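Structure, as structure tokens:
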Amino acid sequence: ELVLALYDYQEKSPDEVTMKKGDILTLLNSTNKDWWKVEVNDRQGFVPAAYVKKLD
């Protein structure tokens, strides 16, 4: 369940999390087609699904 951040994304609401391009994130929930829940270092939240790429 690893995904690569294709772009920077800065969180804009309570449920979101910030990532930087090239970060390797742990994918927690990909049930929604637009927003995926990931763990970015020590924080968890949503980012746009189109901005990350599954590695497996």
Side-chain angles (χ1 to χ4, degrees):
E1 84 283 52
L2 302 172
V3 298
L4 168 65
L6 298 176
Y7 305 101
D8 295 340
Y9 181 75
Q10 176 109 14
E11 65 204 82
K12 285 156 187 81
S13 78
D15 68 14
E16 292 173 27
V17 184
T18 291
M19 67 189 180
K20 308 178 221 216
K21 177 183 193 226
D23 281 351
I24 302 299
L25 320 181
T26 291
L27 183 56
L28 297 177
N29 187 313
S30 55
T31 57
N32 188 271
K33 65 165 177 67
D34 291 325
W35 291 91
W36 283 359
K37 193 187 186 180
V38 296
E39 180 173 59
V40 184
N41 206 10
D42 42 0
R43 292 187 65 217
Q44 297 179 359
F46 289 86
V47 298
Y51 294 10
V52 300
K53 178 201 186 131
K54 285 173 132 141
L55 293 176
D56 259 354

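The basis for the numbers below is simple: all heavy atoms, side chains too, and nothing from hydrogens, waters or symmetry mates. This chain uses plain numbering: 1 for the first residue, then up along the sequence.
If you take CE on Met19 and CG on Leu4, they are separated by 9.0 Å, rounding to the nearest 0.5 Å. The distance from the CG atom of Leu55 to the CG atom of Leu25 is 9.0 Å, given to the nearest 0.5 Å.
One hydrophobic cluster, built from ILVMFWY side chains closer than 4.5 Å, holds both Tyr7 and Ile24. In the hydrophobic clustering of this structure, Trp35 groups with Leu6; members are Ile, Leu, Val, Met, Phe, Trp, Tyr whose side-chain heavy atoms approach within less than 4.5 Å, directly or through other members.
Shown here for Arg43 and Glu16, the closest heavy-atom pair between the two residues is NH2-O, 4.0 Å. Smallest separation of non-hydrogen atoms from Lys12 and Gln10: NZ-O, 2.9 Å. Heavy atoms only, all atoms of each residue included: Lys20 and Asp8 are closest at CA-OD1, 3.5 Å. Across every non-hydrogen atom of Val3 and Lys54, the tightest pair is CG1-CA, 3.8 Å. Taking each heavy atom of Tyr9 and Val17 in turn, the nearest pair found is CD2-O, 3.7 Å.
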_Could you walk me through whether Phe46 and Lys37 satisfy the side chain to side chain contact (heavy atoms under 4.5 Å, CB included) test, starting with their C-alpha distance in whole Å, then the side-chain angles of each, then the deciding distance to 0.1 Å, before giving a yes or no?_
CA-CA 4 Å; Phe46 289 86; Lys37 193 187 186 180; 3.6 Å; yes
*asked:* Before you tell me yes or no, could you show the steps for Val52 and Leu27 under side chain to side chain contact (heavy atoms under 4.5 Å, CB included), namely the whole-Å CA-CA distance, both residues' side-chain angles and the distance that decides it to 0.1 Å?
replied: CA-CA 10 Å; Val52 300; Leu27 183 56; 5.9 Å; no
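Within the 3.5 Å criterion, the main-chain N or O of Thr31 finds a donor-acceptor partner in the side chain of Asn29.
With hydrogens and angles left out, the side-chain atoms of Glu1 and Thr26 include no donor and acceptor closer than 3.5 Å.
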